[PDB]
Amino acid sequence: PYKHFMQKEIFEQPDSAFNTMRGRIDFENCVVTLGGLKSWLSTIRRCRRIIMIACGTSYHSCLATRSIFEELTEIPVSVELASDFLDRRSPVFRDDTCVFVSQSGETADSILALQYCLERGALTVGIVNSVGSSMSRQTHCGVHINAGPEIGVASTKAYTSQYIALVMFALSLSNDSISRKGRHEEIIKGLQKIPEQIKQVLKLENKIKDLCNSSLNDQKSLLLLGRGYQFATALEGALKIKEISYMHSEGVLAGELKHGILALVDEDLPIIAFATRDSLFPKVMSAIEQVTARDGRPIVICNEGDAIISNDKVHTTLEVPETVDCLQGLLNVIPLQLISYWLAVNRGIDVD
């Protein structure tokens, strides 16, 4: 039924999200069980620090979950792009837990980084889609994310499944804390609702197709504004627009600079702002106000029912269900996957 494997894979996300969780979460009793990390959790916690290492969209899934790993575990977590980690020859030691995230399990820079960590005596953990791939075999332990084969040229379902697996890993690490139990239960109940909420978000495709057929087609760049949990989503949206749509895109930390890119943009530059409640900071509102003050006409991804910009000012809304704060990225990325897909179609590009 689908024009392309990429469209199929985006639309497959209710099912891949469920498949990632299948057999791993008891939603009734709120227990996460990751069999691959079985005899290893008590060791993983006993480390100086967690280093998340990955490339491209897999690196963004690490950015998207860093905060919740930090929050739930109180272990320091850093996130490294594999090639830059290697370029810096960043010291790694026996007391580090190195977490490698990869859809393919074959990316050269990820494998080189893994070899570097292994030879230095670090504990290694893989979060990998392709079962038995190099990264899966070579990591000490890990989780196969169970998204199924990905044939689109860019990662869609693997991103949402990686993010979910990383959240389950964070929950697993913090499963002995009385003080975390309410937070755990909140997040696990939220996860249970993700697959159906993804289905809801997919109903935005018509509005997106329309927007992609608009003046948007002709524009040469698109800027995405995000802060907090949604900065990763802004970076991933930009990567998608670049890798798939062959259009220039940058993810911008919203409102960080008063006199940055937003003071420079043309009236008609496409700007997407993430304004869901989890990441609705004063600086986000300032950035959005700055755009509208200059007569810009931004596209706002926000929660159902929220009016971020007055009806008096021209702007586009793409409304998404509200979920638990640290899970909102799973829903907010979907319109970007669809926008990047339909822009590439509007332009004649093959995405498989």
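One-based numbering along the sequence shown.
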Would you mind checking whether residue 178 is unresolved in the model of at least a third of the other PDB entries compared? no
Is residue 240 unbuilt in at least a third of the other PDB entries compared? no
Avg C-alpha B-factor, entry values, 80 to 88 vs 248 to 256, higher side is 248 to 256
Pick between 35 to 43 and 294 to 302: the one whose mean CA B-factor in the entry is higher. 35 to 43
Reading the B-factor column of the entry, which of 233, 214, 138, 174 has the highest value at its C-alpha atom? 214
Just grab whichever of 165, 125, 75, 154 has the top CA B-factor as deposited. 154
Determine, from the deposited record, the chain-internal third of the Cα B-factor for residue 30: lowest, middle or highest. highest
With respect to C-alpha B-factor, does residue 318 fall in the lowest, middle or highest third of the chain as deposited? middle
Quick check for you: using the entry's CA B-factors within this chain, is residue 227 in the lowest, middle or highest third? lowest
Sorting the chain's modelled residues by C-alpha B-factor, tell me whether residue 149 ends up in the lowest, middle or highest third. highest
If you rank the chain by CA B-factor, which third does residue 219 end up in: lowest, middle or highest? highest
